Structure formats: C-alpha cells, structure tokens
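Report on the following structure.
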Amino acid sequence: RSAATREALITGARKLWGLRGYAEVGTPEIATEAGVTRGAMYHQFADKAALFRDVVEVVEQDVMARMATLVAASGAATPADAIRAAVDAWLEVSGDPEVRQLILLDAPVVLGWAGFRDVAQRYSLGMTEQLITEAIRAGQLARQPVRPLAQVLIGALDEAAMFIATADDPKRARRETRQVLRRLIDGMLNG
Amino acid sequence: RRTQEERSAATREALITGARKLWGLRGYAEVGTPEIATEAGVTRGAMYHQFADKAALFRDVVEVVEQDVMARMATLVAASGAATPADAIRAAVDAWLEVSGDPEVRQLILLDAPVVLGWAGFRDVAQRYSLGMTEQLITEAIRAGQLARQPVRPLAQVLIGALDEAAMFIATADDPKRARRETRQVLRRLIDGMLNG
C-alpha cells in the first residue's frame with residue numbers, strides 16, 4: 001500500500017524541484033504537496049538525496065521515452081539519420097528547463113561524479129551502442145570496438161548539453177553546438 | 001619574523017609534495033592528513049596555519065599535478081615534431097592518453113578529484129588547464145585551412161568532454177591497456193573525420 005505514497009512523493013518532488021531546483025525546496029513542503037505526512041515520508045525515504053535519486057529515475061524514464069518519440073517522429077530512413085535525429089532530440093530535451101534543472105544542474109551535485117556517471121550509463125549507453133551497431137552492420141560506420149566509441153560519444157553529448165545549460169547566451173550556444181556535434185558525427189558516418 | 005614566514009612557505013611545499021606522493025600511491029581516501037604531517041617535517045598546527053582542511057590541501061595538490069600535466073602535454077606535442085596544426089592535434093590526443101595513464105594522474109585527477117571537488121569544482125579544473133590549449137590548436141587548424149570555420153569554443157568544449165571521458169573509461173577499465181588502445185583509435189577516427197589534413 002506504501003507504493004502509492006512513494007509515487008505521490010516522487011511526483012510532488014519532481015514538480016517542485018523541477019520549478020525551483022533541489023536547493024530551494026525542502027522535503028516538508030513536498031510532503032504537503034503530496035497527500036502525505038512527514039512520518040509517512042520518512043518511513044519511505046531515508047533523506048532528501050534518496051528521494052531525489054528516485055526523482056531522477058522517473059525523469060530519466062521519460063527522457064528516454066521522449067528521445068525515442070522524437071527520433072521515430074523525425075522519419076529517419078537509415079541508422080545514420082537515426083543517429084543524426086538522436087543528437088537533435090537530445091539537444092531539445094536537455095533544453096527543457098525541468099531536465100536542465102534536475103538532470104544537468106542538480107543531479108551532478110546531489111549524486112557524486114560517480115553517481116551521476118552511472119545514471120547516463122544506465123539510460124543512454126545501451127541506446128547508443130544499439131544505434132552504433134546498426135550503423136556498423138548497415139555499412140554506414142567502420143567496424144570498431146563499440147563500447148569505447150559509445151562511451152566517448154556520451155562524454156561529448158553530456159558536455160554539449162551542459163555547455164548550453166550554463167551558457168552566457170544559451171540560444172546561440174545551442175545552435176553552434178548543434179552544428180559542432182553534427183560535423184563530429186558526419187565525419188565518421190559514411191552516409 | 002622573516003624566518004617563520006619563510007619556514008611557513010617551506011612547510012606548505014613539503015605538505016603539498018607529501019600529500020601528492022601519499023595520495024598518489026594510495027588515493028585521497030586511504031591517507032589522512034596527520035600521516036602527511038609526519039611525512040613532512042611538520043606539526044599539526046603548522047599544517048592548519050597553512051591549510052583549513054583535507055580538501056583545501058587536496059585542491060593545491062590538484063593545481064600542482066595539473067601544472068605538470070599541462071607542462072608535459074606541451075613538451076610531448078613539441079617533441080613530436082608536428083609540421084601542421086593537424087599533426088599537432090593528433091599528437092596532443094596521444095599525449096593526453098599517456099599522461100592520463102600515469103598512475104599519479106589517474107589516481108588524483110581522474111578518480112579522486114571528481115569526488116573531492118564537486119561536479120562544479122572538477123569542471124573548472126579541466127576548463128582552466130585544457131580549454132585555452134584546445135581553442136589554440138583548433139584556431140590554428142582553422143586558420144591553416146585544415147578545419148572548417150566553426151564556432152571555436154563549442155567544438156573545444158565538446159572535445160574536452162570526449163577526452164576526459166576517454167581517460168576515465170580507461171582509468172576504470174577491467175583491461176586498461178586494451179581500453180587505451182581502442183579509445184586511441186576511436187579518438188583518431190573522430191578527429192581524422194573532421195580534419196581536412
């Protein structure tokens with residue numbers, strides 16, 4: 001029955017931390033926002049960061065979901081266009097100030113470096129290894145060790161997003177970084 | 001009163017050097033600051049007049065290790081005898097794979113520093129040290145026609161994300177000598193893809 005409490009808390013936390021950042025909202029305010037007492041919260045979550053970790057899992061589920069929606073909606077013929085769409089998708093979604101706030105800004109501080117690496121690993125890595133293997137098997141990409149490439153691309157993409165997120169002129173930085181990523185990948189991709 | 005100040009400058013350096021050695025070998029976590037004070041020729045009070053806490057001393061250790069990583073980078077690149085900006089860039093990536101492979105660097109910079117400094121703190125370190133060098137190389141490649149005119153800082157920023165991830169993928173690998181080789185070819189392909197020469 002406590003499964004329900006969990007979800008009301010996660011939902012409330014996501015909304016409030018979404019709008020005002022981890023720092024600006026405390027857990028009592030979230031408990032009110034959910035239909036829950038503080039004791040019901042502390043039966044279910046050890047501390048602020050544990051609740052935040054579950055908020056990230058749910059935000060990631062949906063960032064993954066959006067990614068696959070935007071990529072499918074782009075009408076990509078081949079693995080090369082699939083990859084090309086995937087990068088555009090990631091630039092839009094990471095630009096959404098909920099994602100920007102929770103994932104790009106708060107999560108690195110609240111989770112470690114260690115903790116944060118693992119989140120991108122869980123969610124992106126397989127999807128990225130997937131796309132690459134398809135590009136290789138379709139002749140659009142040289143046969144190469146798949147995980148190192150993937151691992152490196154993830155470093156490039158996450159840094160792109162955070163460069164933007166923190167930029168002096170964010171709408172400009174998005175556009176330029178978009179072309180930069182496109183050139184980087186269009187360099188390796190056959191067609 | 002000169003000689004307490006001079007002795008204090010001297011203490012600072014023995015502490016930085018001692019911390020670097022000990023944390024170099026066994027990691028931030030496994031060595032405590034009292035052990036470092038012994039290792040130097042210093043008392044606890046001499047340490048705490050010069051460093052507020054463990055992490056402050058660690059930050060100074062990072063600065064000195066970075067100075068040398070930067071220094072080595074420029075030494076390896078110059079020593080490679082690269083004709084053009086393209087070869088310069090090519091050498092720079094090989095150099096970074098060797099230097100980051102140095103177990104001191106691996107330990108202090110690739111593993112400990114991200115945990116001890118924040119995300120925020122750690123970003124700033126790569127920014128300070130690499131960014132200019134990377135923007136430099138790129139601008140030369142562009143000005144020499146070996147690279148399309150592009151916004152320079154975004155590209156640089158992105159390449160740094162790629163390189164730092166390369167090094168850490170290796171640093172943490174089940175088979176590190178293999179992971180270095182594969183990641184080397186990966187980076188080479190990525191840059192040979194963009195570079196005209």
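Note on naming: chains are A, B, ... as they come in the structure tokens, residues start from 1 per chain, ligands start from 1 in the order shown.
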
10 Å contacts from chain A to chain B using only C-alpha atoms, as a ChimeraX atom specification: /A:105-117,142,144-164,173-181,183-189

Can I get the selected residues back with N, CA and C atoms, as a compact mmCIF listing (two decimals), in the first residue's frame?
```txt
# COMPACT_ATOMS: atom_id res chain seq x y z
N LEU A 105 21.87 20.27 -13.82
CA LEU A 105 22.43 21.09 -12.73
C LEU A 105 22.45 20.44 -11.36
N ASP A 106 21.30 19.98 -10.90
CA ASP A 106 21.20 19.42 -9.55
C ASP A 106 21.85 18.04 -9.42
N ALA A 107 21.60 17.16 -10.38
CA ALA A 107 21.98 15.77 -10.21
C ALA A 107 23.48 15.56 -9.98
N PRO A 108 24.33 16.25 -10.76
CA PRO A 108 25.77 16.18 -10.50
C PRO A 108 26.20 16.58 -9.09
N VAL A 109 25.54 17.56 -8.49
CA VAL A 109 25.86 17.99 -7.13
C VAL A 109 25.35 16.99 -6.10
N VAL A 110 24.14 16.46 -6.33
CA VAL A 110 23.46 15.67 -5.30
C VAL A 110 24.00 14.26 -5.30
N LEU A 111 24.08 13.67 -6.48
CA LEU A 111 24.78 12.41 -6.70
C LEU A 111 26.25 12.83 -6.79
N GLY A 112 27.18 11.91 -6.67
CA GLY A 112 28.57 12.29 -6.93
C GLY A 112 28.86 12.55 -8.40
N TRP A 113 30.15 12.55 -8.75
CA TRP A 113 30.56 12.30 -10.13
C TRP A 113 30.19 10.85 -10.42
N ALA A 114 30.59 9.97 -9.50
CA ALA A 114 30.37 8.53 -9.59
C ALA A 114 28.91 8.23 -9.86
N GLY A 115 28.05 8.65 -8.93
CA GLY A 115 26.61 8.50 -9.05
C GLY A 115 26.03 9.01 -10.35
N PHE A 116 26.51 10.18 -10.79
CA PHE A 116 25.98 10.80 -11.99
C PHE A 116 26.39 10.07 -13.26
N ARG A 117 27.65 9.62 -13.31
CA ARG A 117 28.13 8.83 -14.44
C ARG A 117 27.23 7.63 -14.66
N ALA A 142 32.51 2.22 -39.92
CA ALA A 142 33.57 1.22 -39.87
C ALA A 142 33.39 0.32 -38.64
N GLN A 144 34.45 -1.31 -35.53
CA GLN A 144 35.25 -0.71 -34.48
C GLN A 144 34.77 -1.32 -33.20
N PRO A 145 35.60 -1.29 -32.15
CA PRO A 145 35.13 -1.59 -30.81
C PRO A 145 34.02 -0.61 -30.41
N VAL A 146 32.86 -1.18 -30.08
CA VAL A 146 31.61 -0.45 -29.98
C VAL A 146 31.46 0.36 -28.70
N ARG A 147 31.90 -0.19 -27.57
CA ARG A 147 31.70 0.48 -26.28
C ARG A 147 32.57 1.72 -26.09
N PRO A 148 33.86 1.64 -26.46
CA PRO A 148 34.69 2.86 -26.37
C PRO A 148 34.14 4.04 -27.15
N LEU A 149 33.74 3.79 -28.41
CA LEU A 149 33.12 4.82 -29.22
C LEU A 149 31.91 5.39 -28.50
N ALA A 150 31.01 4.51 -28.09
CA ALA A 150 29.78 4.88 -27.38
C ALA A 150 30.10 5.69 -26.15
N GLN A 151 31.02 5.16 -25.37
CA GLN A 151 31.41 5.80 -24.13
C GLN A 151 31.88 7.23 -24.41
N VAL A 152 32.72 7.38 -25.42
CA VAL A 152 33.24 8.71 -25.81
C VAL A 152 32.15 9.66 -26.33
N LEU A 153 31.23 9.15 -27.16
CA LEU A 153 30.14 9.97 -27.66
C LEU A 153 29.29 10.53 -26.54
N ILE A 154 29.06 9.70 -25.52
CA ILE A 154 28.28 10.12 -24.35
C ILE A 154 28.96 11.27 -23.62
N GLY A 155 30.28 11.18 -23.49
CA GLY A 155 31.03 12.30 -22.93
C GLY A 155 30.86 13.61 -23.69
N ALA A 156 30.85 13.51 -25.02
CA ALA A 156 30.69 14.65 -25.90
C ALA A 156 29.28 15.23 -25.78
N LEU A 157 28.26 14.37 -25.80
CA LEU A 157 26.86 14.82 -25.74
C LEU A 157 26.48 15.46 -24.41
N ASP A 158 26.86 14.80 -23.32
CA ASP A 158 26.58 15.33 -21.98
C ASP A 158 27.28 16.69 -21.81
N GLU A 159 28.49 16.83 -22.31
CA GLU A 159 29.21 18.11 -22.22
C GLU A 159 28.57 19.19 -23.09
N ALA A 160 28.07 18.80 -24.26
CA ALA A 160 27.33 19.71 -25.12
C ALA A 160 26.18 20.33 -24.35
N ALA A 161 25.35 19.47 -23.76
CA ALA A 161 24.14 19.88 -23.04
C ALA A 161 24.44 20.84 -21.90
N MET A 162 25.51 20.54 -21.17
CA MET A 162 25.89 21.32 -20.00
C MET A 162 26.60 22.61 -20.33
N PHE A 163 27.29 22.63 -21.45
CA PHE A 163 27.85 23.86 -22.01
C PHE A 163 26.75 24.86 -22.29
N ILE A 164 25.67 24.37 -22.92
CA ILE A 164 24.49 25.15 -23.22
C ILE A 164 23.83 25.60 -21.92
N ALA A 173 24.46 29.34 -28.08
CA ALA A 173 25.25 28.16 -27.74
C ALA A 173 24.61 26.84 -28.17
N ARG A 174 23.28 26.76 -28.16
CA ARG A 174 22.59 25.56 -28.64
C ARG A 174 22.77 25.34 -30.14
N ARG A 175 22.77 26.43 -30.89
CA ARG A 175 22.78 26.38 -32.34
C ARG A 175 24.18 25.94 -32.84
N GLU A 176 25.19 26.58 -32.26
CA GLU A 176 26.58 26.34 -32.60
C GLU A 176 27.04 24.93 -32.23
N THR A 177 26.69 24.52 -31.01
CA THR A 177 26.94 23.17 -30.50
C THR A 177 26.22 22.13 -31.30
N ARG A 178 25.01 22.44 -31.75
CA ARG A 178 24.32 21.58 -32.70
C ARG A 178 25.18 21.32 -33.96
N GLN A 179 25.69 22.38 -34.59
CA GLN A 179 26.49 22.18 -35.82
C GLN A 179 27.80 21.42 -35.53
N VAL A 180 28.48 21.82 -34.47
CA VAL A 180 29.64 21.09 -33.95
C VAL A 180 29.43 19.57 -33.81
N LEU A 181 28.34 19.15 -33.15
CA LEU A 181 28.08 17.72 -32.96
C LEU A 181 27.82 17.03 -34.29
N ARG A 183 28.87 17.93 -37.31
CA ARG A 183 30.16 17.75 -38.01
C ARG A 183 31.00 16.58 -37.47
N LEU A 184 31.02 16.45 -36.15
CA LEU A 184 31.75 15.40 -35.48
C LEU A 184 31.26 14.02 -35.90
N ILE A 185 29.95 13.87 -36.00
CA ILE A 185 29.35 12.58 -36.32
C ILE A 185 29.31 12.37 -37.85
N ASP A 186 28.92 13.41 -38.60
CA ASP A 186 29.01 13.38 -40.08
C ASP A 186 30.43 13.11 -40.60
N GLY A 187 31.45 13.37 -39.78
CA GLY A 187 32.83 13.00 -40.09
C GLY A 187 33.09 11.50 -40.13
N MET A 188 32.49 10.77 -39.19
CA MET A 188 32.67 9.30 -39.09
C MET A 188 31.68 8.51 -39.91
N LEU A 189 30.48 9.05 -40.08
CA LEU A 189 29.45 8.35 -40.80
C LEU A 189 29.63 8.43 -42.30
```

Mind checking which residues fall within 9 Å of segment 41-57 of chain A, counting only C-alpha atoms, ignoring those fewer than 4 positions away in the same chain, and posting them as a PyMOL selection string? chain A and resi 2+5-6+9-11+13-14+17+22+26-28+31+36-37+61-62+102-103+107+110-111+119

Determine which residues of chain A receive a DSSP assignment of alpha helix (DSSP H), computed from the backbone, and state them as an MDAnalysis selection string. chainID A and resid 3:24 27:33 38:44 48:73 79:95 97:99 107:110 113:120 126:137 146:165 170:188

Atom CA of residue 92 of chain A to atom CA of residue 24 of chain A, distance in Å rounded to a single decimal: 25.2 Å

Report as number ranges by chain all protein, DNA and RNA residues lying within 9 Å of residue 68 of chain A, evaluated on only C-alpha atoms, omitting residues in the same chain fewer than 4 positions from it. A: 63-64, 72-73, 86, 89

Generate the output file for the selected residues, N, CA, C and O atoms, as a PDB file, in the first residue's frame.
```
ATOM      1  N   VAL A  63      12.839  10.970 -20.177  1.00  0.00           N
ATOM      2  CA  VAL A  63      13.819  11.497 -21.137  1.00  0.00           C
ATOM      3  C   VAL A  63      14.141  10.415 -22.143  1.00  0.00           C
ATOM      4  O   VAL A  63      14.208  10.690 -23.315  1.00  0.00           O
ATOM      5  N   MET A  64      14.324   9.186 -21.692  1.00  0.00           N
ATOM      6  CA  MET A  64      14.463   8.073 -22.623  1.00  0.00           C
ATOM      7  C   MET A  64      13.224   8.002 -23.534  1.00  0.00           C
ATOM      8  O   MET A  64      13.364   7.956 -24.738  1.00  0.00           O
ATOM      9  N   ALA A  72      11.772   8.600 -33.662  1.00  0.00           N
ATOM     10  CA  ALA A  72      10.760   7.928 -34.501  1.00  0.00           C
ATOM     11  C   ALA A  72       9.950   8.950 -35.320  1.00  0.00           C
ATOM     12  O   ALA A  72       9.698   8.749 -36.512  1.00  0.00           O
ATOM     13  N   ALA A  73       9.582  10.059 -34.687  1.00  0.00           N
ATOM     14  CA  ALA A  73       8.821  11.112 -35.362  1.00  0.00           C
ATOM     15  C   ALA A  73       9.606  11.864 -36.441  1.00  0.00           C
ATOM     16  O   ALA A  73       9.012  12.493 -37.305  1.00  0.00           O
ATOM     17  N   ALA A  86      18.733  11.457 -33.166  1.00  0.00           N
ATOM     18  CA  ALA A  86      19.029  11.265 -31.754  1.00  0.00           C
ATOM     19  C   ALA A  86      19.776  12.476 -31.165  1.00  0.00           C
ATOM     20  O   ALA A  86      19.386  12.958 -30.117  1.00  0.00           O
ATOM     21  N   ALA A  89      17.335  15.451 -30.978  1.00  0.00           N
ATOM     22  CA  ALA A  89      16.396  15.172 -29.890  1.00  0.00           C
ATOM     23  C   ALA A  89      16.983  15.517 -28.529  1.00  0.00           C
ATOM     24  O   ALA A  89      16.330  16.179 -27.723  1.00  0.00           O
TER      25      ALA A  89
END
```

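Distances from B:11, B:67, B:3, B:38 to residue 126 of chain B were compared using only C-alpha atoms, and the smallest one belongs to B:67.
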
Exercise: segment 75-90 of chain B partners within 9 Å, only C-alpha atoms, chain neighbours under 4 positions left out, as a VMD selection string: chain B and resid 70 to 71 94 to 95 134 137 to 142 144 146 to 147 188 191 to 192 195 to 197

Would you write out those residues with N, CA and C atoms, as a short mmCIF file (atom, residue, chain, number, x, y, z; two decimals), in the first residue's frame?
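Below you can see result-v7.cif, which holds the result:
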```cif
data_model
loop_
_atom_site.label_atom_id
_atom_site.label_comp_id
_atom_site.auth_asym_id
_atom_site.auth_seq_id
_atom_site.Cartn_x
_atom_site.Cartn_y
_atom_site.Cartn_z
N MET B 70 49.81 19.85 -17.71
CA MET B 70 49.86 20.85 -18.77
C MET B 70 51.27 20.90 -19.33
N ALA B 71 52.28 20.96 -18.46
CA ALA B 71 53.69 21.07 -18.88
C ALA B 71 54.08 19.92 -19.75
N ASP B 94 47.36 11.80 -28.42
CA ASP B 94 48.26 10.72 -27.96
C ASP B 94 48.88 11.12 -26.62
N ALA B 95 49.38 12.35 -26.55
CA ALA B 95 50.00 12.86 -25.32
C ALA B 95 49.07 12.72 -24.13
N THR B 134 43.26 23.93 -26.15
CA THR B 134 42.39 23.29 -27.11
C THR B 134 41.82 24.29 -28.12
N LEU B 137 44.88 25.19 -30.56
CA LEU B 137 45.07 24.19 -31.62
C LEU B 137 44.03 24.27 -32.76
N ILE B 138 42.77 24.41 -32.34
CA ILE B 138 41.63 24.48 -33.25
C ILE B 138 41.72 25.71 -34.13
N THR B 139 42.05 26.86 -33.53
CA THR B 139 42.08 28.13 -34.27
C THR B 139 43.19 28.06 -35.32
N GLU B 140 44.29 27.38 -34.97
CA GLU B 140 45.39 27.18 -35.90
C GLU B 140 45.01 26.26 -37.04
N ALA B 141 44.29 25.19 -36.73
CA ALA B 141 43.76 24.29 -37.75
C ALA B 141 42.79 25.03 -38.68
N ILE B 142 41.93 25.88 -38.11
CA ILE B 142 41.01 26.67 -38.94
C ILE B 142 41.77 27.66 -39.80
N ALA B 144 44.79 27.62 -40.78
CA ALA B 144 45.60 26.89 -41.77
C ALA B 144 44.78 26.15 -42.82
N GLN B 146 42.96 23.58 -42.46
CA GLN B 146 42.83 22.14 -42.15
C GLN B 146 41.53 21.80 -41.40
N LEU B 147 40.70 22.80 -41.16
CA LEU B 147 39.46 22.64 -40.41
C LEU B 147 38.50 23.74 -40.82
N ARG B 188 41.21 9.06 -32.76
CA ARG B 188 41.88 9.24 -34.04
C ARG B 188 40.88 9.32 -35.22
N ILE B 191 38.71 12.58 -35.04
CA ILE B 191 39.38 13.82 -35.44
C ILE B 191 39.82 13.74 -36.90
N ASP B 192 40.34 12.60 -37.35
CA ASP B 192 40.59 12.37 -38.80
C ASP B 192 39.34 12.54 -39.68
N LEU B 195 39.16 16.67 -39.75
CA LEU B 195 40.33 17.38 -40.24
C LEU B 195 40.52 17.09 -41.70
N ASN B 196 40.65 18.18 -42.44
CA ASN B 196 40.97 18.17 -43.85
C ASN B 196 42.30 17.47 -44.10
N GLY B 197 43.31 17.73 -43.28
CA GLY B 197 44.61 17.05 -43.39
C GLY B 197 44.90 16.21 -42.18
#
```
